[PDB]
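Peer 1: just the structure for this:
(4 chains)
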Amino acid sequence: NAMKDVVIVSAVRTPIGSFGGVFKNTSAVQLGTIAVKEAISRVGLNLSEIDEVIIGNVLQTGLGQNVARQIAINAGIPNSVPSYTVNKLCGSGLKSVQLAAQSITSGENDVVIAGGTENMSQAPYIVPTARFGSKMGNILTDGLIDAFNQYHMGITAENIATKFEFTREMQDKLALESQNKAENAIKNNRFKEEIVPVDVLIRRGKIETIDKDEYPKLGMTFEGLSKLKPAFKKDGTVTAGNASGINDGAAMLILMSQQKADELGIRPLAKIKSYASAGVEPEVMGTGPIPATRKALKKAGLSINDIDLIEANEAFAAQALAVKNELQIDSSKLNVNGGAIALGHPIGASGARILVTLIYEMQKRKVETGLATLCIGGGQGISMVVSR
Amino acid sequence: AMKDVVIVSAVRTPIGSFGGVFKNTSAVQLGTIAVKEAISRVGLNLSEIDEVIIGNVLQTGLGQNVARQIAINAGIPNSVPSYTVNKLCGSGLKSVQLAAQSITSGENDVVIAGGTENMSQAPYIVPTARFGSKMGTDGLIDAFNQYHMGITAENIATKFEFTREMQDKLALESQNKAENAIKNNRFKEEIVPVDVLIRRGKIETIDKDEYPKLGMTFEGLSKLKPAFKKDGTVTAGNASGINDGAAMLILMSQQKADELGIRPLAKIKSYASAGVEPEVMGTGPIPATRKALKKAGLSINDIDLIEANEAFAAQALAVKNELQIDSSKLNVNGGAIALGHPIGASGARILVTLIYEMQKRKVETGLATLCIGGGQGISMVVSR
Amino acid sequence: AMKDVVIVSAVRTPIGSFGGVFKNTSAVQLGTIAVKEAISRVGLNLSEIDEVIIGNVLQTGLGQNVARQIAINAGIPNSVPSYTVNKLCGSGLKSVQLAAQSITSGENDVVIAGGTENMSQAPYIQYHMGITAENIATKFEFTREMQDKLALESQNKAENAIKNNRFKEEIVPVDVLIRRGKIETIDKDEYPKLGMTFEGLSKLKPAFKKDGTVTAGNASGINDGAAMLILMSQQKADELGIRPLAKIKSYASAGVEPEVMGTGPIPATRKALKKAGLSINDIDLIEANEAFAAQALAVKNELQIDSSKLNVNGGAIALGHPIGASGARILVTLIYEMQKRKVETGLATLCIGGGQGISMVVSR
Amino acid sequence: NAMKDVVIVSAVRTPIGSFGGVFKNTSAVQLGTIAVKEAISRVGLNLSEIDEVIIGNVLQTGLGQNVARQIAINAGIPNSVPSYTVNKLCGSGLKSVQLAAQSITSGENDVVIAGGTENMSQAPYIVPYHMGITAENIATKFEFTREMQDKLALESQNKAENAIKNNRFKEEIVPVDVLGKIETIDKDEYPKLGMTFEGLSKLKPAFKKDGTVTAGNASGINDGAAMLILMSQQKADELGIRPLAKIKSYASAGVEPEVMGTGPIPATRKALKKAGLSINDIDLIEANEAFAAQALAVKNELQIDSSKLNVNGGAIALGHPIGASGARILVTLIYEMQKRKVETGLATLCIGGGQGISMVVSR
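Peer 2: Numbers count the residues shown, from 1 in each chain, chains lettered A, B, ... in the order given. Right below this line is the structure:
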């Protein structure tokens, strides 16, 4: 029995909203439903062809909630189809894609919808504290709740900065360039193809169509970033300016076996070449994408020079610098349309979001090979190589 | 204001530790147990009940009426209105006050009042916006607002020059008082034992308060580190805890009690509330008590027993000293430092404890007082 | 002896629509404006205020007290106790009830009560209530057409009232900042839809159920606004030389059976009338809050209310429903209209949770 | 390319402890670690051969918690090895094995540790249950009386008692040491000996007034772990390790809203279809018994022979540590297939109220 090739035939993302911003009233289920219906519609896919739905989401109102199933139902997918919600923190959205591909290669499914969604704006009001944050004193601080685990992650980033010797200036420079790259991409409408617009109510009797990312900060300067106060550690280097934000958004892809796509007459946007995940030593927590990527590259028989475009999620500039330096990624190939520092980081979605952004840019540049990588827990990373 | 209001029944569950004996017994269950026992003890007909007013702070959301859930669970008719009071620390005593004024108004003849809280379960079912407050150390959530109140306590300690040693001495007295009370089964009359159930199968029976630290010595407190300020004076040993429990009282007009052949445990003589200046946050019980005493036509020397809730030794010292309360009249069976502080229940709990002790001692007058928010206090005078 | 309770001052801000005129005017600011104006209208000295009780639903902070912040902002001494009432839709009327209770008990002589809400500024914001309405519609057999025509009539009355500046006496204007250095005064409600028609209502899609009858057109919206009243004992009002606007005759609250959820105003009103020794026919004007036409039909029909006596200047379906404030808002509206019509007896009633209702009878 | 066959070469479980019972002080991590070390030790597996660890758990899945990874670290597995905690409610433990199998078939991994662990004693039980009502609705919908449910529960107890009397679980259990005296726990705690139909009929309904579901015809709240080691057939041959069983097929499926809780029915039909088998070809079935009402529906609709079903007792008797049960029933199936020397087995349970998962294995 032969192993199947998995292709991506459709891929879309909502704009990314700021915390308490445009999507404050548009739930994670709504955002996911919009992206799923659009993914399906763009390729005219019959709902009866969908075998499974696997969707990343981190912040749920309790045990027993299946956000993926709610979305699939809202999208009109038959109740007989199984849906699974993936909570793997930072990497949920890319892990969902990986799980979908495995299920195709195993012969279990021919057509799988995969992605991620998150609404972090709504979480403080509907998510129980035990699922919304972690306790401090995990190191006074103890007895305090760390919203979204942001403080624990920032300390991890500070520790990376210390061990790898990344200064405040170096981190701010990367952050500035992320913003520069997003601003130029948005000026050139680079995201037009991948974005599904989202309608919101801004006032009674008035609907606005949101088709632009909210989080990028226009006209940022190095001087401005230099003025910001440390966010997590006194005399630290990590600030709100060189870290990503708290954000809302969704991203969805449709996967098929090459054979199924052919049968349906649907042309692939990309092919999945390899993927891998890996753990790290506790001395370098947060550096997961490095061994994962080396492992995925080795599986594909490729080196980093063979990769035309890289998307490495930018939760923190400190961590982004480590990934870039240890993998020897050329500045010109990395997060070319901006990274999460500019674009935002809706946690359950980002892994899928960066894959969407990657595929559309590979297509625009007519390049052959790309890579998406990010954390999947503080101690682990996941990486996926795709080809056109 | 012609109707005289009496308390005819008063009961409380044991108070459980955080994640302790009641981690599987919700605020609704605890409150239902207390309500059913309070009714049962005086043989009250369920049709006599006109209203239910119950304190509770930590809720899964808006639109939740914990009081009504308890009333329904207790078999009280659906036509009876029920209200949940969320006024923080003071909710259980404010509920009694509201019940009393609804009787004096002529609106009601019989009202069930009290409070219930399960803080152990709260992290798992209460959204973060309702579970805690933001710090500023910013973007960090202060669970149960304990850090904010701890800092308020430190500021009182600074303002009034209450040393670490003075706070620990009060805390020690509280612990030792609770221990001796428990050794003498002092709370037996007021406690309703709680059967822990899983799918209506009994796993255990709780009839003793879990939180007191038996055999406490002064050195046991002096060895602890500050909890809120580096080089501060407030510790986990001289502040109360996070706790689970319920307490319920039944109020009636005197005429109604007489008609029903039910002897009062106590009469409510006065109550009052008051705000404080921002420089002395957390000191609410002081002006509230002075106000309530003036309404009763009494002075502090006319009061035989006082229950002033002990959230922080620092704050308790201020209340004791500013009101000039004889230490031997204050929290005589132990205070919240030893017994625990289930926030929605405590105001009603201390009133229950006060009433039974007045009766055992056969004295005439008592008062109960505590905060109703950082900026406010509430106080109630009762007589036997 | 029991104190008789009077209302000596009553004011409401305009009602703003969602994301409308008051999007940058918080529940506290709206509340403070209404409170300051209620005080100045009768020239009341700040030292006479004994307590402040204010309804509010959406400021759910642990340890947050909007009523006290409002009191502080209005220059009321910090020694005065203030309480925020969260009782959902009944909050603003419950506040007045608690105020009255504390005066009759002898605790207080002068109490400020009301409600305030800014639903625009809610970080996260009707589903279950909507289903409850859909269930009432089923049980009492109220059709889409029946609900839409009630909505239409509510709009008509509001249009008529506003055309005749009916709300001029009761409204306190609110200054808002449009840009740096430039403020604009809002003195008119924003939510009424002018010229809405039957055919326009009939085309709307059901809001909750797939084949349901409740829509955005026959239910209220979400809104921003505040309303404040000053209550005194009659004796106190005399000593200060302030004439009552109204006298509180009775009030009551009641629960309902699970089958009839959302019908709380019905037994609550019957109870209050019974305490007043009155019948529905003795009441000249009735304000029953209109969150849903389906439930408004139930209240109207079961209480056998003459439609010419009910919500005569429009109900919430037309005027808006700032939840923590509505209970107080309708009482304010009821009082001023009683004065204009020179009638003697009025009644306000609304839900206080899905399972309960509250009702109050006033006289002039 | 070529698709690899997945075999199970090691399989173990802890005893299942009662709520507040023997494992009151033994965490999901501790139970899980014990099960992993023993599974590894039993086949003399070099730690450097392990490619991935996938472990079910429900109650310890808070932000930034990774129970599987802590377990791997405690078991001495290199830190470079990725570990994943699966939270899929009741199906977590079987879903983990399924995910392990797919990662081997994909060529991603050669050796994967999979299973589940749960300590429900150390978690809060909050009621002021959703499963219990689903069960009542199944009872109503399918017309299962109180008496029918209790009859099933009693048979489950009787089968468990028979198996324990014959030391049936001896091969599959790893003993757990608990506390200054140290007692080795080597027997399941939860079965109720001397169980009678009458004693069952005396219990009160647990979820609904005049309900049929009780604490006696529903499974308990329990503590335990179960772990398995999966390899490609090629990798097993290379290491010289003989398989206990081979994974033939698996599948999952959603249900219609009217029949919530019946997931195992369409999931099993789907898995049998993929295997090229009918129910009558299956020699032994383990279908998890969360509620008698639900087990009755599964058994009837799939037309399962009672003499082949949960032959050593089901969860009503043995206990239901939720994140572990999916793995636990597979371990129990595999050992009993080997004792009876039969060829084909099926394990199935819910994975959410709306879904089920099933796996067919052969010997």
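Peer 1: strands of chain A, start to end?
Peer 2: If DSSP state E is used as the criterion, the strands of chain A fall at A:6-13, A:17-18, A:52-56, A:83-86, A:111-119, A:133-135, A:144-147, A:198-203, A:206-210, A:247-257, A:270-279, A:309-312, A:369-375, A:380-387.
Peer 1: from the rest of the structure, what touches the second one?
Peer 2: Yep, that's strand A:17-18 we're talking about. Outside strand A:17-18, the residues that touch it by Cβ atoms under 8 Å, 6 or more residues apart in numbering or on different chains are A:23-24, A:26, A:121, A:210, A:214-215, A:245, A:247-249, A:344, A:346. From N, CA and C alone the C-beta is placed, and that goes for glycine too.
Peer 1: run me through the strand neighbours of that strand, direction for each.
Peer 2: strand A:247-257 (antiparallel) (DSSP bridges).
Peer 1: specify the angle between the partner strand and strand A:270-279 in degrees.
Peer 2: 120 degrees (axes from the mean of the first three to the mean of the last three Cα atoms, to 10 degrees).
Peer 1: what sits opposite whatever residue of the stretch 101-250 of chain A ends up closest to chain C in the beta ladder?
Peer 2: Closest residue of the stretch 101-250 of chain A to chain C, Cβ to the nearest Cβ: residue A:203 (3.3 Å). Per DSSP bridges, the residues bridged to residue A:203 are residue A:206.
Peer 1: residues touching it, list them.
Peer 2: Each residue near residue A:203 by Cβ under 8 Å, 6+ apart is listed here: C:17, C:18, C:19, C:20, C:23.
Peer 1: and the fourth one, what are its phi and psi?
Peer 2: Just to be clear, that refers to residue C:20. Main-chain dihedrals, residue C:20, degrees, to the nearest 10: phi -100, psi -140.
Peer 1: and for residue A:80, nearest residue in space, chain neighbours not counted?
Peer 2: Among residues not flanking residue A:80 along the chain, residue D:254 sits closest, at 5.4 Å (Cβ to Cβ, 6 or more residues apart in numbering or on different chains).
Peer 1: just put the contacts of strand A:17-18 in a markdown table and tack on neighbour count.
Peer 2: Shown next, in a markdown table, are the contacts of strand A:17-18 (neighbours: other Cβ atoms under 10 Å in any protein chain shown):
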| residue | neighbour count |
| --- | --- |
| A:23 | 29 |
| A:24 | 19 |
| A:26 | 23 |
| A:121 | 25 |
| A:210 | 19 |
| A:214 | 19 |
| A:215 | 26 |
| A:245 | 21 |
| A:247 | 27 |
| A:248 | 32 |
| A:249 | 33 |
| A:344 | 28 |
| A:346 | 37 |
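Peer 1: and residue A:224, how many residues sit next to it?
Peer 2: 13 (other Cβ atoms under 10 Å in any protein chain shown).
Peer 1: kindly report the same for residue A:148.
Peer 2: Residue A:148, neighbours per other Cβ under 10 Å, totals 23.
Peer 1: what's the answer for residue A:388, then?
Peer 2: Residues near residue A:388, counting by other Cβ under 10 Å, number 16.
Peer 1: cool, and residue A:101?
Peer 2: Neighbourhood size, residue A:101 [other Cβ under 10 Å]: 27.
Peer 1: so residue A:146 makes contact with residue A:134?
Peer 2: Yes. Judged on Cβ atoms under 8 Å, residue A:146 makes contact with residue A:134 at a distance of 5.1 Å.
Peer 1: give me the common contacts of those two.
Peer 2: residue A:152.
Peer 1: who has more neighbours, those two?
Peer 2: Neighbours were counted for residue A:146 and for residue A:134 using other Cβ under 10 Å; residue A:146 has more, 25 against 21.
Peer 1: and that one, what are its bridge partners?
Peer 2: Beta-bridge partners of residue A:146, as defined by DSSP bridges: residue A:134, residue B:140.
Peer 1: let me see the contact set for it.
Peer 2: Neighbouring residues of residue A:146 by Cβ under 8 Å, 6+ apart: A:133, A:134, A:135, A:136, A:152, B:140, B:141.
Peer 1: same question, residue A:314
Peer 2: A:174, A:178, A:244, A:320, A:335, A:339, A:340, A:341, A:345.
Peer 1: go through those and name the one nearest chain D.
Peer 2: Distances from chain D to the contacts of residue A:314, taken as Cβ to the nearest Cβ, are shortest for residue A:345 (14.8 Å).
Peer 1: correct me, but that closest one touches residue A:213?
Peer 2: No. Between residue A:345 and residue A:213 there is no contact under Cβ under 8 Å: 12.0 Å.
Peer 1: centre-most residue in chain A?
Peer 2: Centroid-nearest residue in chain A, with Cα atoms, centre = their mean: residue A:350, separated by 1.4 Å.
Peer 1: hmm, it is touching residue A:374, no?
Peer 2: Yes. Residue A:350 is in contact with residue A:374 according to Cβ under 8 Å; the separation is 6.6 Å.
Peer 1: what is in contact with the two at once?
Peer 2: Common neighbours of residue A:350 and residue A:374 (Cβ under 8 Å, 6+ apart) are A:90, A:313.
Peer 1: about what we covered before: residue A:345 and residue A:213 - which one has more neighbours?
Peer 2: residue A:345 (27 against 24).
Peer 1: that older thread, considering the contacts of residue A:314, which possesses the most neighbours?
Peer 2: residue A:341 (31 neighbours).
Peer 1: report the contact partners of that residue.
Peer 2: Taking Cβ under 8 Å, 6+ apart as the test, what residue A:341 contacts is A:174, A:175, A:178, A:179, A:242, A:243, A:244, A:314, A:317, A:320.
Peer 1: count of residues packed around residue A:221?
Peer 2: Using other Cβ under 10 Å, residue A:221 has 10 other residues around it.
Peer 1: next one: residue A:108
Peer 2: As a measure of burial, residue A:108 has 22 neighbours, counting by other Cβ under 10 Å.
Peer 1: OK, contacts around residue A:80?
Peer 2: Going by Cβ under 8 Å, 6+ apart, residue A:80 touches D:253, D:254, D:255, D:256, D:266.
Peer 1: go on, residue A:372?
Peer 2: Counting by Cβ under 8 Å, 6+ apart, residue A:372 makes contact with A:94, A:310, A:311, A:312, A:351, A:354, A:355, A:358, A:383, A:384, A:386.
Peer 1: same thing with residue A:233?
Peer 2: A:154, A:155, A:158.
Peer 1: which parts of stretch A:319-328 are buried?
Peer 2: The neighbour-count check on stretch A:319-328 (16 or more other Cβ atoms under 10 Å in any protein chain shown) flags A:319, A:320, A:321, A:322, A:323, A:324, A:326, A:327 as buried.
Peer 1: one step back: biggest separation within the contacts of residue A:80, which pair?
Peer 2: Maximum pairwise distance among the contacts of residue A:80 (Cβ to Cβ): 10.7 Å, between D:253 and D:256.
Peer 1: now the stretch 151-300 of chain A against chain D: closest residue?
Peer 2: residue A:277 (4.2 Å).
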